[PDB]
Structure formats: C-alpha cells, structure tokens
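Participant: My structure is below; once you've seen it, I'll send some questions.
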Amino acid sequence: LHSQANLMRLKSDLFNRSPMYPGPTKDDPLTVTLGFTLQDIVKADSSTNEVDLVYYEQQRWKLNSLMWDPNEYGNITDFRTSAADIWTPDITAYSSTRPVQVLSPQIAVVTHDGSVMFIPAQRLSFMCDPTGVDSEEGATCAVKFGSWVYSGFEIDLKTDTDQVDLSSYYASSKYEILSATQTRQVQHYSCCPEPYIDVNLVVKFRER
Amino acid sequence: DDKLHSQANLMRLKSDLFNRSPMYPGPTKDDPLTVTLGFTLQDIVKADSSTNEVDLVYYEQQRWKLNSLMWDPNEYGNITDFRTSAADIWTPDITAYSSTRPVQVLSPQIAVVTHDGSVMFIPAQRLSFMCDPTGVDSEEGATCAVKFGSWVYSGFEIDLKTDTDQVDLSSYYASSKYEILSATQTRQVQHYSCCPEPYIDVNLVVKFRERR
Amino acid sequence: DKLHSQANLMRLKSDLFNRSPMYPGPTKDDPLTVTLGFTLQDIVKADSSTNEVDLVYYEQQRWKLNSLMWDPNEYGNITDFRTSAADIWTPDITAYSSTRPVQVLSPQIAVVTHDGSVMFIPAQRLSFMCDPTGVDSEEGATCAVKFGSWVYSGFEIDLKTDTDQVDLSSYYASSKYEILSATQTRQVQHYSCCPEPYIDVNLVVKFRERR
Amino acid sequence: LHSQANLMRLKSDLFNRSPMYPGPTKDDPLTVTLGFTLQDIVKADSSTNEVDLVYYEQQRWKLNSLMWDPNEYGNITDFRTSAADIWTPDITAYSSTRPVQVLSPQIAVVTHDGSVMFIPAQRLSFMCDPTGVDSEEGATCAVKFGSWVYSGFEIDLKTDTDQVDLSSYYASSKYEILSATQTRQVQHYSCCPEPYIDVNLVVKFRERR
Amino acid sequence: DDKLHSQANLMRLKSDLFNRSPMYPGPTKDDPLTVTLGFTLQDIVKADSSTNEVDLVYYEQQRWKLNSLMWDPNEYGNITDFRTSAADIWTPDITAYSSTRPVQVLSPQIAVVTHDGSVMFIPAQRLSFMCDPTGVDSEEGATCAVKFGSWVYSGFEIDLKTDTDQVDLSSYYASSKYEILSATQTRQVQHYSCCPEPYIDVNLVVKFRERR
Ligand SMILES: C=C1CCCC2=NC[C@H](C)[C@@H](C)C[C@@]23CCC([C@@H]2C[C@H](C)C(=O)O2)=C(C)[C@@H]3/C=C(\C)[C@@H](O)C[C@@H]2CC[C@@]3(CC[C@@]4(O[C@@H](CC[C@@]4(C)O)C1)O3)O2
Ligand SMILES: C=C1CCCC2=NC[C@H](C)[C@@H](C)C[C@@]23CCC([C@@H]2C[C@H](C)C(=O)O2)=C(C)[C@@H]3/C=C(\C)[C@@H](O)C[C@@H]2CC[C@@]3(CC[C@@]4(O[C@@H](CC[C@@]4(C)O)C1)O3)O2
Ligand SMILES: C=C1CCCC2=NC[C@H](C)[C@@H](C)C[C@@]23CCC([C@@H]2C[C@H](C)C(=O)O2)=C(C)[C@@H]3/C=C(\C)[C@@H](O)C[C@@H]2CC[C@@]3(CC[C@@]4(O[C@@H](CC[C@@]4(C)O)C1)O3)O2
Ligand SMILES: C=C1CCCC2=NC[C@H](C)[C@@H](C)C[C@@]23CCC([C@@H]2C[C@H](C)C(=O)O2)=C(C)[C@@H]3/C=C(\C)[C@@H](O)C[C@@H]2CC[C@@]3(CC[C@@]4(O[C@@H](CC[C@@]4(C)O)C1)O3)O2
Ligand SMILES: C=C1CCCC2=NC[C@H](C)[C@@H](C)C[C@@]23CCC([C@@H]2C[C@H](C)C(=O)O2)=C(C)[C@@H]3/C=C(\C)[C@@H](O)C[C@@H]2CC[C@@]3(CC[C@@]4(O[C@@H](CC[C@@]4(C)O)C1)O3)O2
C-alpha cells in the first residue's frame, strides 16, 4: 500500500512535475552503450542475399533528469516504464532489407542513479552473401548499427566488450557460429568535420 | 426501464476503480505479484525443417489478483464482475524467450475482473519459435521446447506460477497435421552469479509426430 | 434548405454520444441478444500441408440497445445514421479455431436505426483449422468453425441465428471450390465448473474442387 | 506572406468555426463520381483464382460546407487536406480477397466550388479465374465497387465514361489488356424499396507476346 | 550542470516553434516551395521475372526551407539545429508513381531542423516497383525506371530539384546479386494535355545485371 503509493508519486515526479528530456545536444552529449546477444540465424537466402538474425540488443544510457534518492521514495531503487513514454536512442541497422520486427514488450528499466536499460529482442533481415556457408570456412557477414540522425558529438556509441554474447545461441539452429564480434568504428564524411560512430556486427557462420 | 442504473452501477464502479483511484504502477520488491500461467494447445500448424521454426496456436491463460480492483458487491447493486479492454489496465509482460516472429493475437484483448480483485486474461495466440523438427516423421517424434517468462521482472517482483504441469490438450484439433505425444508446462527457478533474485520461467515442452 | 437536416443529424449524434452515458456492455442483469449470420463468398485456398483453409465471408451482426433509441419526430424525421464501429460498443464475437488474425475487407462502419438496432456487417478473410482430405472426391471435404463471445456467457450475451442456412447467393461462381452445403447452427454447452450456458454458432461447410 | 496566413484562416473557418459535414442522408443525398486508371495486372494466380491489380481510383464529390469565395481569402482557389480529416465515401471492392493496399499519400484536393478530389493508388487482390489467359481470346474478369453502407438514396454513384483509362498501363507488364470497362449498375432487393448502385470493372486480358 | 540551460534552451525553442504560431499549412501558388530530392541506392534485393516487379533498398534525401522554422541562435544559447519526429512537422508527399506494394520504411522517422529554416529528412526504404528484368543475365543488362514526385501538387506549388543527376552509388552493397551499370536521377517537366501548368518528377533510371 505504501510501496505501491510511493511509486505512483515517483513516476509522477519524474514524468509529470519535471519537464522531460528533449534529446542530446552538442553542449549536452550522451553516451549510449551497446551490446548484442545472438540467438539464432534463422534463414540465409542465397537468391536475394538476405540473412535473418534473431538477437537481443542491449542499450544503456544515463540521465540526470531520471535520478532520485530512494530515501525519499520508500527505498525504491528501480522501476519499469514503457519505452514509448521516454526518450530512446534511434539506433538503426544501416543495411537491413526489411523493417526490424520487435519480439519483446517494449519496456525499459530505470534505476535511481538515472541509468536506463533497454533490451528489445529483434528479428532483422540484412544484406549478406552466404557463399561458402556450406564449407569448412563458412561465410562472413557484417551489419552496422548506429544513430540515424546524430553525430559522435551528440551520441557517443560505446561497447563494454568486442565479443558478441553467444551463451544463448540456439543449439539446434541450421547454422552454427564460428565467431561473432562487435567493433566500435569512427567514420568521417568529406563534407563535414564531425565524427560519426557505428558498431560493426561481424558474424562468421556455417551449416551445422 | 429502471434497471438503467445497473448500467449506472457498472459505470460508477468503473469510475471508482479507474478514474478516482491512481494508476496501478506494476509490482515491486516490497509489493510482489503472483501470476498464474497455463497453456491450452489447440494446434501445431506447421514445422519448417529448412529454418527450424515451428508454429503453434494456443490459449495462454493468465491470472493475477490486485487489492486495488476489489469491491463490495452490495455497494454496487450486487455486481460480481465486469470486462475491460486489456489496454486499459496493467497486464503481465509474459514473453516467449525463443520466438522468431512477433506473436500474433487471435482473440479480442479483453480481460475479466472479479469482485475479489482477481483478473483473468486468456489471449489466443499464434507463435513461431526455434525448433528442430527432426524425427517428426517417425514413431518417436520430435521434441521441442519454449520458455515463457516476464521480460523485465524477477521472481522478486512477479511470482510466476502454474496450477498444474500438464498442458490442457482437451481442445487440441483432432485433424491436425501433427498428433501430440505429450505436452508439459514446467516451472523453473534459476539463479545467476551476479544477482540475488531468482529468475522464473515456465518451460513448454511438446513431443509430437506427423499424424498416421 | 438542407442545412437543417445536416444540423438535425449533428444534434442527434451529439445527444446520444456526448450528452448521455455510453453503453458499458452487457451484464447478467441487463443481458444482450446478438443475432449472427454468414454470407459465404469464397473459399480462396485449402492448404493440405498445414491443414488451414481460407474463407472470405460477410459476418452479419445485429443487436439492439435502449441507449440508442430516439423519436424520429424530435430530429427532423431521421430514422437511421452511420457511425464508425470504434466509437460504439460491439460484441466480441470470435472464431474459436482461427490460425491467423482476421483480415477486414470492408470499411468498419455500422448502421444505427431509431429503435436502437445496430447493424454491423464486416467482410473478413479467415484462416482456420481444416483438413481438406476428400476435397476432389464426389463427397467433398467437410470443415467446421465455431463463433461465439470470447468473454461472455449465454446468460450475458445470447447468441442467435435467423436461419440455419448460410447465404450462398453471392458465392463466387468461378471459385476453385464449389459449395455442396453450408450451415450455421447454434449449439449449447455447460462446463463442469459452472451453471452458465455457453453458446456458439457452428459454421459447417461441405465443399469440393470445381471441375 | 500572407498566402500561408490566408490558407490557415480558410482551413480554420471550414474545419473549426463551421460544423463539418456529418455524411449524406436520405434528405441530403450526395453524388459521387468514380473512375479508374488501370496501371498493371501484376499476378494471376490459378491455384487460388485471385488476380492482383494496381490502379488509381478516382473519387469526386461536391459539398456546400466546403465552398468559399476566393475573394474572401486572398484569392486562394484550392487546398489539400489529409483524407482522415474530412468525410470520404466508403467505396469498397465487393469481391476482394485481401485488404486493399494503399500506395499513395492519403491527401485530397479541395477547390473553392466545394468539390473534393481524391485519387488513391491501390493494390487489389480480387476473385478472378484466369483460365484462357494464355490463349489468344484471353481471360475475362470483373469486380464491383460501391458504398458499403449507403444506398442509392444516400450516395448516387456515377461515372464520367465507361472506358477505363489505359493511357498509363505498364507497357512491359506480364499481361496486356484487350479491353477495360467501368459500368454503372442499379440493383433492387426484395427486402427494401431503395435502389443500390455499384460500378462494375470488367477486364479482358492475356499474357503478352 | 550548465547542461540544464542548453536543455532548457532547446525546449523553449521547440516550444516557440510548435506552440506559438501553428503549422506551415503547405505550399500555395503564391508561395511555392522548392524540394531537393536525391537517392542513395544500396541494393537491388530481387528481380521477380514472373511478376515483373523489382525490389530496391535506398535512402531518399529530401531538403526544403521554411521561414516559419527559422531562428536566431543567440536567443537560444547558440543552438543551431535540432531533431524532430517527422510527424510533428509538414513533409512533402513524394511518391513513387509505379510502386506495386506500399513502401516499407527501414529507419526511424526523424528530421533535422537547422536555424536557417531548412529541414533535412532521409528515409531508408524498400520499394517494389514495375520493372521487367529481361536481359539481366546478359552482358548489357536490364534497364528500368521509376518516377518520384508530389502526389497532389503541380510544379507551380512544389518545385522539385536535384543537386546532381548521378545517383549516389558509393554505399551500394558490394556483394549484391546485381551490379549497377549506371543509375541516373533526372528532373523532368511533364506536360499533361488537360492542363497548362507543368508537373515535375524525378526519374530514377537503373541499368543493372547479374553479378551474380
Ligand atoms: C538523416 C541523415 C542521414 C541519414 C543516413 C545515415 N545516417 C547515420 C549517420 C548520421 C550517417 C553518417 C550515415 C547514414 C547511414 C548509413 C550510410 C552508409 C551505408 C553503409 C552501410 C554505411 O556504413 O554508411 C549513409 C550513407 C548515411 C549517410 C548519409 C546519407 C550522409 O550523406 C549524411 C551526411 C553526413 C554528414 C551530414 C551533415 C548533416 C547530418 O545529416 C544527417 C544526420 C546527421 C547530421 C545532422 O549531422 C542526415 O549529417 O549529412
Ligand atoms: C530487459 C532486461 C533483460 C531482458 C532479457 C531477459 N529477460 C527475462 C529475464 C529477466 C532474464 C534472466 C532472461 C532474458 C530473456 C531470456 C534469455 C535467455 C534466452 C533463452 C531462451 C533463455 O532461457 O535465457 C536471456 C539471456 C535474457 C537475459 C539477459 C539479457 C540477462 O543478461 C539480464 C541480466 C540478468 C539479471 C539482470 C540484472 C537486472 C535485470 O535487468 C533485466 C530485467 C530484470 C532485472 C531488472 O533484474 C533487463 O536483470 O540482467
Ligand atoms: C477469457 C475467458 C475464456 C476465453 C476462452 C473461451 N471463450 C469463450 C467461452 C467463454 C469459453 C467457454 C470457450 C473458450 C473458447 C473456445 C474453447 C474451446 C476451443 C474449441 C474450438 C471449442 O469449441 O471450445 C475454450 C477451451 C475456451 C474455454 C476456456 C479457456 C475455459 O477453460 C474457460 C472456463 C469456462 C467457463 C469460465 C468460467 C469463467 C469464464 O471465464 C472466461 C470468460 C467467461 C466466464 C467469465 O464465464 C474467461 O468462463 O471459464
Ligand atoms: C452494412 C450493410 C451491408 C454490407 C454488405 C453490402 N454492402 C453494400 C450494399 C449496401 C449491399 C446491397 C451489398 C453488400 C456488398 C456486396 C454484396 C454482394 C456481393 C457481390 C459481389 C455483389 O455484387 O453483391 C452483398 C451480398 C452485400 C449485401 C448484403 C449483405 C445485404 O443482404 C444487406 C441488405 C440489403 C439492403 C439492406 C437493408 C438495410 C441496409 O443495410 C446495409 C447497409 C445499407 C442499408 C442500411 O440500406 C448493411 O441494406 O440490407
Ligand atoms: C491527386 C490527384 C492526382 C494523383 C495522381 C498523379 N499525381 C501526381 C501528378 C499531379 C499527376 C500529373 C500524375 C499522377 C501520378 C502519375 C501518373 C502517371 C503514372 C506514370 C508512372 C506516369 O508517368 O504518370 C498519373 C496518370 C497521375 C495523374 C492523374 C491521375 C491526372 O489525370 C490528374 C490530373 C492532371 C492534372 C490535374 C488537374 C488538377 C490536379 O488534380 C490532381 C492533383 C493536382 C491538381 C490539383 O493540379 C489530383 O491535377 O489532375
């Protein structure tokens, strides 16, 4: 009754009484940490050169305007909110061939220090030539993820590790993973001074 | 026509629960919520051995109880229950953990609410999931499994339960391409090294073969 | 001179939706009779590899509410109007053995008449559980699918038919499948747990390949 | 400057300061003219008897509540409005087998005489037996269009011509058109006094040489 | 800490543009709008020779400039640009004239508004359009065209422009099933015999063959 009431006031205080977050700027840049858990390569189509992945995409960011003291809110350390109610980063695959499909409830975890955890399970079709998938060496494909409309001066993309998490990879998949990495890259365009950041998902795989 | 206010009793109750009283914010560590899950498997529609995807049609029965949805029937003209759209109330975020396509809803998104604050929600769903159908064309059949759980709440917040570990097969389609050899729904508690909380799932395991 | 009749309709619509409380749904104390019927237009596809059959049909739903009654005399002799089916309560009639979500072919609009009647006839495409074995035989294949409220008992929503004959008079003459018979039959059950009756309408179709 | 401002004032006046048209009635019937531009026959499926067409469906009607004198609003003669913000006619294919797919932005054109022009590009699957499509005589198929919920006492459906517009039919289509007509038909049902109108699109087509 | 001021600055800017003074209501004959259109071709995914449809992935670049979106950076803590959801602003109704399926959008629907009042919006899209792939498996390839333009505005209302007649091929997928022989984007002034006013489109001509 008290625990339940304190949360209704907390969400209210952050979401109603406080004017919300309009996004990162040059003066107030934002670090977004990114990491992948690869669950299944579902299909590799050699007549269109599309491959279908199911993965979990972990997204982590921190905000002052989502900080609070648990002492003023009944020891409440964390809460759940719909991703629609808050700002989320516009991380996008740069070479998908169909719109991403979301497999999970679009819900994020907000902790008292202002950090936000958002992990949507997704199915992506993307550009990939599976030539060699039927051999010892397998095939190698790559896809880039990054912000659609922010430079590296507004959203800094970062990984916690270069190793894609394969500890939940489906053991009875048509395809087995020889290796899977996630590398931060800095890209410039000749028009412009800003750096642009993406994370390169490289997967090497073969028929099992 | 003066039962008109049994309609108005239903209108009043709905105000007193939704409009007068604050939003149910979901469960917390101090205010945990038991959710009972059960499955009625209606059909294995397709088994795709080129992608290792199998498609099921089932009813997913969900049931939880909230104090904030309780009322005295005598205070509302002896009304036992009502219906609301699932959009208009909090519902548990139960998710298959190995789906390959977004879940497709086959039934109207309506929940039943009872005077003791109990809520019943039974969406019919079509699900594609990760499954190797090898051996479906033999006596022994294929065995496949899919885990269901909350996406964002631990066992400290959502106490996921079952009433029985036997999947309800009594309205399983008699002319399905696939006959069911067995269907179990097993609750599983897991602990990780990082974290104090238990993590609960319900494992749905189906042994099945091509109808002979 | 037709500025006034437009005004009367605006006034009527307002009086029923804005100035009165809307219909909250049926109860045990205030039950609702819903009449159901089917117009079978086409059997599109019969998949013997997954045991699904695809139908296009019109689903006639009719019910009456006191809260939607008016005197035509009070509103420039207007006897009916049209409304979007999302602005009003509609019954939760569902196919009990569909395999994919229903696809709506028609504009979601209902007809409301001055005696409180609502007429709602969506055109739909349905995939449902069906074994078409014998479809090229003389006897044909036989398939069945039940329709009823998802969340209301017989004591709350009473399902009714006007006829057991499915309307076959617009059945597509050059379909892949000819209809040998199509019936719609109200059935009643009681479950072991409870005293309430449960109603469904059984759409039974016998069909075979057109030669 | 000025031009924008006059546009905003006009749309306000029609949409906010005047009550909008609530739909046609028996006492206030409405003429809708309908016409087709056939772009392409994409697919003929003989295992299900379905054909897919792409076409432009031209719809036109005229409303007193959308008239204005151009001198009253800085010489503005027309504007555009999302089709969701105005009443539009419920014209449906009577024999589609899948929900019709919209290909163009849902924007209508309103002119000072109160006439509305709405031309959605659409992909349609409808019931059609393509037998004989590979012979010289071709296959013949037909689909009816009409209001779903209004009789001919409420919406008077008309055409401007019975000849379908073939001037932008895809020149490299899998199928060539032999003829395409659109014909107004008036029915009567024993149940009721009102007349019922539809427009019947009849297409004769065959595989290209 | 002074990041609170730039956040406050941004919010007042957005507030002053979206709350004080309404929509730009669209272009008129008296106030016509220039829209600059460009294409980044990324992939020819498939060429169905059974239906004569071809599927493209590309980035469509759209530029326009409005006085109603213009500001002095000095009054807003030197903010020179921001991001908006494309829904919260007017955008041009640029359509493919010969699509066979609704365009599918692959990127988030966000635009970039700069202080000079110019808006930049670049949707990634997958398009199915009318194309005959005959000759694709020969050395000289197949050629297909699709026109893009406004659906409801004449050239007196929207002036469609390009910066170059060469499609950007620098991000074209190197392992596609199809290689690009050439890709041009040409601004065309059409005359319809009903009407004196001109109509503008951008014609995307792609010459391609099997890699394969
Ligand atoms: C919406 C857009 C770009 C969408 C396409 C795109 N977005 C992600 C990033 C921002 C860029 C560099 C790569 C992309 C996404 C992936 C790719 C390619 C595809 C391939 C897999 C790859 O790695 O890069 C391109 C070409 C896009 C880049 C442009 C389009 C580029 O021409 C945009 C230029 C670069 C610099 C600039 C000037 C102004 C600015 O405009 C862009 C957004 C940021 C902003 C405001 O600084 C406008 O960026 O405009
Ligand atoms: C949104 C998420 C995780 C979603 C993915 C996920 N969810 C269900 C449960 C919580 C976990 C264990 C399984 C999953 C869904 C199913 C699986 C795998 C897939 C396979 C079928 C299986 O059995 O487990 C994983 C790997 C997810 C787990 C993570 C991702 C995991 O690394 C998250 C860790 C575990 C403990 C913790 C610390 C904080 C916390 O963060 C998560 C939510 C609960 C919360 C607040 O306690 C954040 O959870 O963060
Ligand atoms: C949301 C639901 C049930 C949806 C599933 C369902 N609905 C239609 C009716 C209500 C039932 C009998 C059949 C169904 C839909 C069709 C079928 C099967 C499938 C096959 C095609 C068929 O004909 O019957 C089942 C198994 C459902 C029934 C249950 C699930 C059943 O266990 C529910 C029991 C029966 C009576 C009762 C007690 C309380 C109550 O709860 C249900 C709603 C009515 C209500 C308040 O009386 C809760 O219903 O709870
Ligand atoms: C929503 C509906 C019917 C939808 C189905 C339908 N609609 C378009 C028109 C109105 C009718 C005649 C043809 C249809 C759509 C096309 C067809 C068939 C299909 C084939 C391709 C064809 O050409 O006609 C039918 C069978 C529908 C007709 C009925 C269903 C019919 O039984 C309905 C009767 C006819 C007269 C009447 C009485 C009252 C009234 O009710 C209808 C709406 C108008 C209204 C108020 O006058 C209720 O219409 O109700
Ligand atoms: C919404 C529409 C037409 C949509 C179809 C269409 N739109 C883009 C442009 C405007 C036209 C010329 C080409 C189109 C889209 C592309 C094509 C074809 C398809 C092929 C790839 C091609 O190159 O042209 C046509 C035939 C459309 C044209 C008509 C439909 C045309 O008959 C409409 C006439 C032409 C001039 C006029 C008079 C009034 C006016 O009405 C139109 C809108 C502008 C407006 C107000 O000036 C009404 O335009 O109406």
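Naming works like this for the structure tokens: A, B, ... for the chains as they're shown, residue 1 at the start of each chain, ligands 1 onward in shown order.
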Residues near residue E:164, anyone? I mean within 8 Å using only C-alpha atoms, not counting same-chain ones fewer than 2 positions away, as a PDB file with C-alpha atoms, in the first residue's frame.
Facilitator:
ATOM      1  CA  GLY E  38      18.382  12.744 -54.075  1.00  0.00           C
ATOM      2  CA  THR E 162      18.200  17.716 -57.807  1.00  0.00           C
ATOM      3  CA  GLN E 166      24.104  10.853 -60.759  1.00  0.00           C
ATOM      4  CA  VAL E 167      22.608   8.573 -58.110  1.00  0.00           C
ATOM      5  CA  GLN E 185      18.204  10.708 -61.328  1.00  0.00           C
TER       6      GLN E 185
END
Participant: Taking only residues of chain D that have an atom at most 12 Å from an atom of ligand 5, what is each one's shortest atom pair and its distance in Å to one decimal, using only C-alpha atoms and all ligand atoms, in chain and number order, as a tab-separated table?
Facilitator:
residue	atom	partner	partner_atom_place_in_ligand_line	distance
D:35	CA	ligand 5	30 (C)	10.1
D:36	CA	ligand 5	30 (C)	9.1
D:37	CA	ligand 5	26 (C)	7.4
D:38	CA	ligand 5	26 (C)	9.5
D:39	CA	ligand 5	19 (C)	7.4
D:40	CA	ligand 5	19 (C)	10.5
D:54	CA	ligand 5	19 (C)	11.0
D:55	CA	ligand 5	19 (C)	9.6
D:56	CA	ligand 5	30 (C)	6.9
D:57	CA	ligand 5	30 (C)	8.6
D:58	CA	ligand 5	30 (C)	7.4
D:59	CA	ligand 5	1 (C)	9.6
D:60	CA	ligand 5	48 (C)	10.0
D:77	CA	ligand 5	46 (C)	10.2
D:78	CA	ligand 5	46 (C)	7.7
D:79	CA	ligand 5	46 (C)	8.3
D:80	CA	ligand 5	46 (C)	8.6
D:81	CA	ligand 5	1 (C)	11.2
D:82	CA	ligand 5	1 (C)	11.6
D:83	CA	ligand 5	1 (C)	11.3
D:103	CA	ligand 5	5 (C)	11.0
D:104	CA	ligand 5	4 (C)	8.3
D:105	CA	ligand 5	1 (C)	9.2
D:106	CA	ligand 5	1 (C)	9.2
D:107	CA	ligand 5	1 (C)	7.2
D:108	CA	ligand 5	1 (C)	6.5
D:109	CA	ligand 5	46 (C)	6.1
D:110	CA	ligand 5	46 (C)	8.3
D:111	CA	ligand 5	46 (C)	8.5
D:112	CA	ligand 5	46 (C)	11.9
D:115	CA	ligand 5	46 (C)	11.4
D:116	CA	ligand 5	48 (C)	9.6
D:117	CA	ligand 5	48 (C)	6.2
D:118	CA	ligand 5	1 (C)	5.8
D:119	CA	ligand 5	1 (C)	4.9
D:120	CA	ligand 5	4 (C)	7.3
D:121	CA	ligand 5	5 (C)	7.7
D:122	CA	ligand 5	5 (C)	11.5
D:165	CA	ligand 5	26 (C)	9.0
D:166	CA	ligand 5	26 (C)	9.6
D:167	CA	ligand 5	26 (C)	7.7
D:168	CA	ligand 5	19 (C)	5.6
D:169	CA	ligand 5	19 (C)	8.1
D:170	CA	ligand 5	21 (C)	8.1
D:171	CA	ligand 5	21 (C)	10.5
Participant: Give as a PyMOL selection string the residues surrounding ligand 3 up to a distance of 7 Å, considering only C-alpha atoms and all ligand atoms.
Facilitator: (chain B and resi 111-112+120-122+171) or (chain C and resi 96-97+146+148-153+191+193-194+198)
Participant: Residues up to 7 Å from ligand 4, counting only C-alpha atoms and all ligand atoms: could you list those as a list in words?
Facilitator: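 My answer, listing the contacting residues, is residues 39, 58, 110, 111, 119, 120, 121 and 170 of chain C; 94, 95, 144, 146, 147, 148, 149, 150, 151, 189, 191, 192 and 196 of chain D.
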Participant: Using only C-alpha atoms and all ligand atoms, find each residue with an atom at most 6 Å away from ligand 1 and format the answer as JSON, numbers by chain.
Facilitator: {"A": [94, 95, 147, 148, 149, 150, 151, 189, 192, 196], "E": [112, 121, 122, 171]}
Participant: Export, as a PDB file, in the first residue's frame, the selected residues with N, CA, C and O atoms.
Facilitator:
ATOM      1  N   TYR A  94      22.265  -0.289 -40.544  1.00  0.00           N
ATOM      2  CA  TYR A  94      22.479   0.528 -41.742  1.00  0.00           C
ATOM      3  C   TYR A  94      22.196  -0.193 -43.073  1.00  0.00           C
ATOM      4  O   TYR A  94      22.152   0.446 -44.130  1.00  0.00           O
ATOM      5  N   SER A  95      21.995  -1.513 -43.021  1.00  0.00           N
ATOM      6  CA  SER A  95      21.766  -2.303 -44.233  1.00  0.00           C
ATOM      7  C   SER A  95      20.714  -3.400 -44.062  1.00  0.00           C
ATOM      8  O   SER A  95      20.811  -4.475 -44.664  1.00  0.00           O
ATOM      9  N   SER A 147      23.273   5.584 -34.681  1.00  0.00           N
ATOM     10  CA  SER A 147      22.206   6.557 -34.644  1.00  0.00           C
ATOM     11  C   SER A 147      21.864   6.934 -36.082  1.00  0.00           C
ATOM     12  O   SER A 147      22.749   6.916 -36.956  1.00  0.00           O
ATOM     13  N   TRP A 148      20.597   7.253 -36.350  1.00  0.00           N
ATOM     14  CA  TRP A 148      20.239   7.670 -37.706  1.00  0.00           C
ATOM     15  C   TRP A 148      20.521   9.156 -37.998  1.00  0.00           C
ATOM     16  O   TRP A 148      20.818   9.532 -39.138  1.00  0.00           O
ATOM     17  N   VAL A 149      20.426   9.990 -36.968  1.00  0.00           N
ATOM     18  CA  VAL A 149      20.410  11.430 -37.163  1.00  0.00           C
ATOM     19  C   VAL A 149      21.373  12.199 -36.230  1.00  0.00           C
ATOM     20  O   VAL A 149      21.401  13.435 -36.260  1.00  0.00           O
ATOM     21  N   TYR A 150      22.139  11.479 -35.409  1.00  0.00           N
ATOM     22  CA  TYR A 150      23.134  12.103 -34.516  1.00  0.00           C
ATOM     23  C   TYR A 150      24.585  11.743 -34.874  1.00  0.00           C
ATOM     24  O   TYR A 150      24.907  10.573 -35.115  1.00  0.00           O
ATOM     25  N   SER A 151      25.448  12.757 -34.903  1.00  0.00           N
ATOM     26  CA  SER A 151      26.893  12.556 -34.994  1.00  0.00           C
ATOM     27  C   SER A 151      27.489  12.023 -33.685  1.00  0.00           C
ATOM     28  O   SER A 151      26.781  11.840 -32.683  1.00  0.00           O
ATOM     29  N   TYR A 189      32.826  11.909 -43.108  1.00  0.00           N
ATOM     30  CA  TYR A 189      32.353  12.181 -44.463  1.00  0.00           C
ATOM     31  C   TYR A 189      33.012  13.470 -44.896  1.00  0.00           C
ATOM     32  O   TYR A 189      33.114  14.409 -44.102  1.00  0.00           O
ATOM     33  N   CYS A 192      32.261  17.284 -44.084  1.00  0.00           N
ATOM     34  CA  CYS A 192      31.967  17.684 -42.697  1.00  0.00           C
ATOM     35  C   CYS A 192      33.015  17.304 -41.631  1.00  0.00           C
ATOM     36  O   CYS A 192      33.643  16.247 -41.713  1.00  0.00           O
ATOM     37  N   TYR A 196      31.415  10.431 -36.995  1.00  0.00           N
ATOM     38  CA  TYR A 196      30.216   9.608 -36.909  1.00  0.00           C
ATOM     39  C   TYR A 196      30.614   8.237 -36.399  1.00  0.00           C
ATOM     40  O   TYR A 196      31.679   7.725 -36.768  1.00  0.00           O
TER      41      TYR A 196
ATOM     42  N   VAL E 112      15.940  16.712 -39.374  1.00  0.00           N
ATOM     43  CA  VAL E 112      16.919  17.642 -38.825  1.00  0.00           C
ATOM     44  C   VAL E 112      16.536  19.061 -39.223  1.00  0.00           C
ATOM     45  O   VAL E 112      16.526  19.403 -40.404  1.00  0.00           O
ATOM     46  N   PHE E 121      15.450  15.416 -44.252  1.00  0.00           N
ATOM     47  CA  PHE E 121      14.767  14.187 -43.908  1.00  0.00           C
ATOM     48  C   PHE E 121      15.177  13.124 -44.906  1.00  0.00           C
ATOM     49  O   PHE E 121      15.027  13.322 -46.099  1.00  0.00           O
ATOM     50  N   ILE E 122      15.730  12.016 -44.413  1.00  0.00           N
ATOM     51  CA  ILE E 122      16.289  10.967 -45.280  1.00  0.00           C
ATOM     52  C   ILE E 122      15.796   9.555 -44.888  1.00  0.00           C
ATOM     53  O   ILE E 122      16.471   8.848 -44.138  1.00  0.00           O
ATOM     54  N   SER E 171      27.569   3.695 -51.470  1.00  0.00           N
ATOM     55  CA  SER E 171      27.207   2.745 -50.416  1.00  0.00           C
ATOM     56  C   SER E 171      26.480   1.544 -51.007  1.00  0.00           C
ATOM     57  O   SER E 171      25.755   0.829 -50.300  1.00  0.00           O
TER      58      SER E 171
END
